[PDB]
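Note sheet for the following structure.
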Amino acid sequence: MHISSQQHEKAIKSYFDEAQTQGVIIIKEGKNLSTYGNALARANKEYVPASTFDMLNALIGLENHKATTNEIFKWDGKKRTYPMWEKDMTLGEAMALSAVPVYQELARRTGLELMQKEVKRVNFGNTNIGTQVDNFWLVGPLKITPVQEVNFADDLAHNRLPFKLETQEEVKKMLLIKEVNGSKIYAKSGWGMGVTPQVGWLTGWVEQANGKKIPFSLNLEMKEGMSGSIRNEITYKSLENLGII
Ligand SMILES: *C(=O)[C@@H]([C@@H]1NC(C(=O)O)=C(S[C@@H]2CN[C@H](C(=O)N(C)C)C2)[C@@H]1C)[C@@H](C)O
């Protein structure tokens, strides 16, 4: 409580400065939105959601019975970009591994028509998915702002999205990435590689010991030959600098 806001700002900026990237982390305490980082103006610019869209993809899928919690999506046995994707998995493992081929399977089962209306219903980002049901979150035209992303995380953390409570829980249980100091961090990472320049995301929330939920959204530029870890390390440093974890 004794650290100056000036100091918080400078430390969080330096986290981004030390990664030699440009980015912003938005944090929501209650209804108050706070913007940090070394590139504050990214806050209301639009980027592709990339794998962040998996969270909505899973909500849509599960709500409309295109899959279940336990269903095993079989690997077709073709080569994948990463060897860890060359196995059979649930939605939940696909979420942790960011296995897009699974989420494309789920997008295909949902179908363009049902995807468009469901993404209009949820009012996610710019809400346009175009005509290609299997890559619209990767190369456009679906885009969203860091502010919009943290508000979606807030919505999801609090069960406010227009989906069943069981659906929202099922997807939330897939999102645990770290336990720290009796705080749980639930989030989804994102690395849009099919856009110039590349966008990195880590969107989610901290659930504190006491019970309050603190949504955040990190968003930065990835320069190829940069580690995906940086998204986590910057987020964790920021949340700890602000005493959120
Ligand atoms: C989603 O944005 C894309 C995938 N998302 C991520 C990510 O968010 O980190 C990756 S990276 C992939 C997942 N874990 C692998 C890894 O770190 N090891 C090989 C150990 C790499 C994808 C680019 C999705 C749309 O492709």
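If you're wondering about the labels, chains in the structure tokens are A, B, ... by order shown, residues count from 1 in each chain, ligands from 1 in order shown.
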
Quiz prompt | Surrounding residues as number ranges by chain, ligand 1, max 12 Å, only C-alpha atoms and all ligand atoms | solution = A: 47-55, 80-86, 93-104, 134-139, 187-195, 198-203, 219, 222, 224, 226-232

Filtering to C-alpha atoms, could you give me those residues as a compact mmCIF listing (two decimals), in the first residue's frame?
# COMPACT_ATOMS: atom_id res chain seq x y z
CA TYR A 47 -5.84 -7.27 -32.88
CA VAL A 48 -6.80 -10.77 -33.94
CA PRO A 49 -7.77 -12.82 -30.83
CA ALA A 50 -5.71 -15.83 -32.00
CA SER A 51 -5.89 -18.69 -29.47
CA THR A 52 -7.71 -16.46 -26.97
CA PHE A 53 -10.75 -17.28 -29.14
CA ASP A 54 -10.46 -20.91 -27.94
CA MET A 55 -12.30 -19.87 -24.78
CA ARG A 80 1.39 -31.12 -37.03
CA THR A 81 3.34 -27.95 -36.37
CA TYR A 82 4.29 -29.28 -32.90
CA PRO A 83 4.82 -32.98 -31.95
CA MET A 84 2.79 -32.47 -28.76
CA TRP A 85 -0.32 -31.95 -31.00
CA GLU A 86 0.12 -35.43 -32.55
CA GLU A 93 -6.00 -30.68 -22.97
CA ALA A 94 -6.36 -28.84 -26.29
CA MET A 95 -6.89 -25.65 -24.31
CA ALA A 96 -3.65 -26.13 -22.29
CA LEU A 97 -1.65 -27.08 -25.39
CA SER A 98 -3.35 -24.47 -27.59
CA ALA A 99 -3.92 -27.23 -30.16
CA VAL A 100 -5.66 -25.24 -32.91
CA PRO A 101 -6.44 -28.38 -35.03
CA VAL A 102 -8.84 -29.46 -32.28
CA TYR A 103 -10.42 -26.03 -32.04
CA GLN A 104 -10.78 -26.07 -35.81
CA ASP A 134 -11.87 -22.50 -39.45
CA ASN A 135 -9.39 -19.59 -39.36
CA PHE A 136 -11.41 -16.42 -38.71
CA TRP A 137 -9.81 -15.90 -35.30
CA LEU A 138 -6.28 -16.36 -36.76
CA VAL A 139 -5.95 -14.09 -39.81
CA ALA A 187 -5.99 -17.54 -18.35
CA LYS A 188 -5.57 -18.28 -22.04
CA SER A 189 -2.47 -17.42 -24.02
CA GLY A 190 -2.40 -16.33 -27.63
CA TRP A 191 0.19 -15.96 -30.34
CA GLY A 192 -1.11 -14.81 -33.68
CA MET A 193 1.52 -15.97 -36.13
CA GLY A 194 -0.47 -15.39 -39.34
CA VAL A 195 -0.48 -11.55 -39.10
CA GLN A 198 2.63 -10.86 -34.58
CA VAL A 199 0.38 -10.29 -31.57
CA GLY A 200 0.78 -11.99 -28.16
CA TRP A 201 -2.01 -12.28 -25.58
CA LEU A 202 -2.53 -13.58 -22.08
CA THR A 203 -6.12 -13.02 -21.03
CA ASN A 219 -1.21 -7.79 -25.14
CA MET A 222 5.95 -10.91 -30.51
CA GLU A 224 9.90 -14.14 -34.08
CA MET A 226 11.14 -14.65 -28.84
CA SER A 227 9.95 -16.98 -26.07
CA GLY A 228 6.19 -17.56 -25.38
CA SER A 229 7.13 -17.60 -21.66
CA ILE A 230 7.61 -13.81 -21.82
CA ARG A 231 3.80 -13.41 -21.77
CA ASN A 232 3.51 -15.30 -18.47

Practice problem: Would you return as a PyMOL selection string the members of region 28-155 of chain A that DSSP assigns to strand (DSSP E) on this structure's backbone? | Solution: chain A and resi 28-29+32-37

Would you output that residue set with N, CA and C atoms, as a CSV table (one decimal), in the first residue's frame?
chain,number,residue,atom,x,y,z
A,28,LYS,N,-8.5,-5.1,-14.2
A,28,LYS,CA,-9.8,-4.6,-13.8
A,28,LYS,C,-10.0,-5.0,-12.3
A,29,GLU,N,-10.0,-4.0,-11.4
A,29,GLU,CA,-10.4,-4.2,-10.0
A,29,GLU,C,-11.8,-3.7,-9.9
A,32,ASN,N,-13.1,-0.7,-12.1
A,32,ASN,CA,-12.1,0.2,-12.5
A,32,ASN,C,-11.1,-0.5,-13.4
A,33,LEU,N,-10.9,0.0,-14.6
A,33,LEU,CA,-9.9,-0.5,-15.6
A,33,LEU,C,-8.6,0.3,-15.5
A,34,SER,N,-7.5,-0.4,-15.4
A,34,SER,CA,-6.2,0.3,-15.3
A,34,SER,C,-5.2,-0.3,-16.4
A,35,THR,N,-4.5,0.6,-17.0
A,35,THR,CA,-3.7,0.3,-18.1
A,35,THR,C,-2.2,0.5,-17.7
A,36,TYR,N,-1.4,-0.5,-18.0
A,36,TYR,CA,0.0,-0.4,-17.7
A,36,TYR,C,0.8,-0.9,-18.9
A,37,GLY,N,2.2,-0.8,-18.8
A,37,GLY,CA,3.0,-1.3,-19.9
A,37,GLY,C,3.9,-0.1,-20.4

Exercise. Choose the residue, out of A:19, A:245, A:11, A:185, that has the smallest atom-to-atom separation from residue 233 (chain A); count only C-alpha atoms.
Key: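 That would be A:19, the residue with the smallest distance to residue 233 (chain A).
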
Quiz prompt | alpha helix (DSSP H) call set, DSSP backbone run, region 63-97 of chain A, as a PyMOL selection string | solution = chain A and resi 63+91-97

Restricted to C-alpha atoms, what would the selected residues look like written as an mmCIF file, in the first residue's frame?
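As a result, selection.cif now contains:
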data_model
loop_
_atom_site.group_PDB
_atom_site.id
_atom_site.type_symbol
_atom_site.label_atom_id
_atom_site.label_comp_id
_atom_site.auth_asym_id
_atom_site.auth_seq_id
_atom_site.Cartn_x
_atom_site.Cartn_y
_atom_site.Cartn_z
ATOM 1 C CA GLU A 63 -23.405 -25.114 -25.102
ATOM 2 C CA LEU A 91 -11.057 -29.934 -25.309
ATOM 3 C CA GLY A 92 -9.373 -29.316 -21.964
ATOM 4 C CA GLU A 93 -6.001 -30.680 -22.974
ATOM 5 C CA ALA A 94 -6.362 -28.840 -26.291
ATOM 6 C CA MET A 95 -6.890 -25.651 -24.310
ATOM 7 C CA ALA A 96 -3.653 -26.131 -22.292
ATOM 8 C CA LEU A 97 -1.647 -27.081 -25.389
#

Quiz prompt | Gap from CA of residue 146 (chain A) to CA of residue 44 (chain A) - Å, one decimal | solution =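 One can read the CA of residue 146 (chain A) to CA of residue 44 (chain A) distance as 6.3 Å.
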
Quiz item: Separation of CA of residue 184 (chain A) and CA of residue 152 (chain A), in Å?
Solution: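 That distance, rounded to one decimal, is 18.3 Å.
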
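We find CA of residue 204 (chain A) and CA of residue 186 (chain A) to be spaced 5.4 Å apart.
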
Exercise. Please provide the set of residues having any atom within 9 Å of residue 128 (chain A), restricted to only C-alpha atoms, with same-chain residues fewer than 6 positions apart removed, written as a count of residues only.
Key: 8

Quiz item: With distances taken over only C-alpha atoms, which of A:58, A:112, A:77, A:244 is nearest to residue 90 (chain A)?
Solution: A:58

Practice problem: For residue 215 (chain A), list every protein, DNA or RNA residue within 7 Å, evaluated using only C-alpha atoms, and leave out those in the same chain fewer than 6 positions away; present the list as a list in words. | Solution: residues 27, 28, 150, 153, 154, 204, 205 and 206 of chain A

I need the chosen residues saved as a PDB file, in the first residue's frame, with N, CA and C atoms.
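Writing the result to part-v8.pdb gives the following:
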ATOM      1  N   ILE A  27      -5.794  -4.283 -16.261  1.00  0.00           N
ATOM      2  CA  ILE A  27      -6.264  -4.926 -15.050  1.00  0.00           C
ATOM      3  C   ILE A  27      -7.571  -4.266 -14.621  1.00  0.00           C
ATOM      4  N   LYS A  28      -8.522  -5.115 -14.220  1.00  0.00           N
ATOM      5  CA  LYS A  28      -9.806  -4.637 -13.760  1.00  0.00           C
ATOM      6  C   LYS A  28      -9.995  -4.992 -12.286  1.00  0.00           C
ATOM      7  N   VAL A 150     -10.206  -7.955 -21.666  1.00  0.00           N
ATOM      8  CA  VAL A 150     -10.314  -8.019 -20.215  1.00  0.00           C
ATOM      9  C   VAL A 150     -11.787  -8.015 -19.783  1.00  0.00           C
ATOM     10  N   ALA A 153     -12.988 -11.443 -20.154  1.00  0.00           N
ATOM     11  CA  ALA A 153     -12.476 -12.238 -19.047  1.00  0.00           C
ATOM     12  C   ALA A 153     -13.277 -11.985 -17.769  1.00  0.00           C
ATOM     13  N   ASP A 154     -13.643 -10.712 -17.540  1.00  0.00           N
ATOM     14  CA  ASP A 154     -14.452 -10.290 -16.406  1.00  0.00           C
ATOM     15  C   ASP A 154     -15.818 -10.967 -16.482  1.00  0.00           C
ATOM     16  N   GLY A 204      -7.209 -13.460 -18.900  1.00  0.00           N
ATOM     17  CA  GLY A 204      -7.647 -14.328 -17.825  1.00  0.00           C
ATOM     18  C   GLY A 204      -7.968 -13.513 -16.585  1.00  0.00           C
ATOM     19  N   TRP A 205      -7.750 -14.122 -15.414  1.00  0.00           N
ATOM     20  CA  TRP A 205      -8.058 -13.472 -14.160  1.00  0.00           C
ATOM     21  C   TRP A 205      -7.377 -14.205 -13.011  1.00  0.00           C
ATOM     22  N   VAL A 206      -7.189 -13.457 -11.921  1.00  0.00           N
ATOM     23  CA  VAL A 206      -6.649 -14.005 -10.700  1.00  0.00           C
ATOM     24  C   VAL A 206      -7.836 -14.222  -9.773  1.00  0.00           C
TER      25      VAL A 206
END

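Using only C-alpha atoms, the nearest neighbour of residue 132 (chain A) within the list A:161, A:177, A:113, A:26 is A:113.
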
Self-check item: Pick from A:76, A:170, A:149, A:221 nearest to residue 39 (chain A), counting only C-alpha atoms
Solution: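 When distances to residue 39 (chain A) are compared using only C-alpha atoms, the smallest one comes from A:221.
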